[PDB]
Structures are given as C-alpha cells and as structure tokens.
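A short worksheet on the structure shown next.
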Amino acid sequence: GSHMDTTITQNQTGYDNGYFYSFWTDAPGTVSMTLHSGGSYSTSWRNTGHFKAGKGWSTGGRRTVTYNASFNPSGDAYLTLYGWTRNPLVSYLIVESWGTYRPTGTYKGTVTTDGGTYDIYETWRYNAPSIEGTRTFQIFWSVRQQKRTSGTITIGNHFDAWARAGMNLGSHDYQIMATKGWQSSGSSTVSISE
Ligand SMILES: [Cl-]
C-alpha cells in the first residue's frame, strides 16, 4: 500500500479518502483494517470474535455500487454489502461471498439481479450489539447462490425484493461494502465505487 495509509484497530467510524468507513469488533487485537486510497481498504484477522469493517456511505440508499475484492477467509466470514436501518431496526446483508458457512435464515424468496440469483432470508438476533446498543432486531439477507468477489450490486433491486417479501426497511443508517468475520481468521482487500 501507501505510507499514507492508516491502520485501524479500534471501534470507530469516520471518513477516509472520500468514503465513509466503519470498523467494529468485540475482539480488539484480533483484527485490523487498513484504509487505502479511494474506496479501498484491507482487513486482516486472526482467531477473532465478531467483526464488521468496510468503506461506503454514512447514509445508505438505493445505490448501484461496484466493487472489486480479494477475499481470503479461513473459517466463517462474509464479503457483503452491509447496512442498518432504524424504525424498523434492521441490519441487512447482501452477501456476495462467504467462507466455510453460507449464511441462511427463514427463506423469504429469491431475487435475481446483477447477473446472479440471491436467496432472501430473515433472521433475528436477540440481545445483540446493534447501532442502537444491545437490542433484539431483524436481519434481512440476500445471499448469492454462488460466491463472487467483484461486480455490481443494484441495491434497489434487493430492497424491492425484500419489500415484495414483506420485509420492510426503516430509515437508513450507514451502508458499507464490508468484510465480516465470526470466530475465524483471514484477510481481505475490498475496493468500492458508486
Ligand atoms: Cl485505531
């Protein structure tokens, strides 16, 4: 990378090189994120707990985003467009790739977009870290049926499919192209653009 890159190890949000970024983990010291130029960042993690890290936008919406990634999980991790809404309090994931485990939940249907078919799922997390604290909230999922690590995500197509399936989003908080890890190790480099 560049000597001007910044390596992040503490929970934080902010802006870097034109883009919002978020870094969150319950396992500090097990994961780091390096913020590169433009829409790029890398992560490196080792026997972590839970982390989510990525670049994107502080306010999500129906963006058409293009991303290129190198995604190298050892164990449970996702490469995913990740975001939050409030009222309803929902975390949503458009999962592009995963490691050892393909995330699934309550089947809600399918959506075909950006040359790929995604299964739609809903899950709940109970008493869990959220943008509003320890809460019980919904997760909306679009999980691609086959892994990919570059391409375009027409986010509005996912939002529309979810609405058709009765899954309603609230007011948008942040929206990032994220690396997300659970009790695993690995690395990633992710580059995005709108
Ligand atoms: Cl830091």
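For region 51-106, which chymotrypsin sites (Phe, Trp or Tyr not before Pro) pass both filters: DSSP loop (anything but H, G, I, E, B) and at most 13 other C-beta atoms within 10 Å?
Answer in residue order: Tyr101.
Enter the angle in degrees (range 0 to 90, nearest 10) between the Cα long axis of helix 155-164 and the first principal axis of the Cα atoms of the chain, meaning the one along which they spread out most.
Helix 155-164 and the main axis of the chain meet at about 30 degrees.
Tell me, in nm to one decimal, what length is gained between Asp160 and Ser37 on full extension, where the rule is 0.36 nm per residue of separation less the Cα-Cα distance?
41.0 nm
For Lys52, give me every one of the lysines with a C-alpha distance below 17 angstrom, ignoring sequence neighbours fewer than eight places off in its own chain.
Candidates past the 8-residue exclusion: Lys180.
What percent do you get for the relative contact order of the chain when only Cα pairs under 8 Å and 6+ apart count?
31 percent.
Out of residues 5 or more away from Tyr101 or on other chains, whose amide H comes under 5 Å of its own, with H placed 1.01 Å from N in the peptide plane?
Distant-sequence amide H within range of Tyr101: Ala77.
So which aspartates and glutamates pass the test for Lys147, namely a Cα distance under 18 Å, with those fewer than 8 places away in the same chain ruled out?
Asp76, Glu96, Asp114, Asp119
Grab the eigenvalues of the alpha-carbon gyration tensor for the chain, scale each by 5, take roots, and send me the semi-axes largest first in whole angstrom.
Values for the chain, descending: 24, 18, 17 Å.
What number comes out for the charge environment of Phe137, summing +1 per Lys or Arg and -1 per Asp or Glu over other residues with Cβ under 10 Å away?
Spelling it out: positives minus negatives among the neighbours equals +2.
Around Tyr41, what is the net charge, scoring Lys/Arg as +1 and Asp/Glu as -1 over all other residues with Cβ under 10 Å from its Cβ? The partial results should precede the final answer.
Working: positive: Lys55; negative: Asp5, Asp16.
Net of charged neighbours comes to -1.
If you put +1 on each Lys and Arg Cβ and -1 on each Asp and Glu Cβ, how big is the dipole of the chain around its Cα centre, in Debye rounded to 20?
260 debye
I need the peptides 130-138, 179-187 ranked by packing, meaning the mean over residues of other C-beta atoms within 10 angstrom, with the highest value on top.
179-187, 130-138
Looking at the chain as a GNM with Cα springs under 10 Å, which of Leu79, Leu169, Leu93 has the largest mean-square fluctuation?
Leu169
Just so you know, all these numbers are worked out from the coordinates, no wet-lab data involved. With ideal geometry, Cβ positions are generated from the backbone for all residues, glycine too; neighbour counts draw on all protein chains shown.
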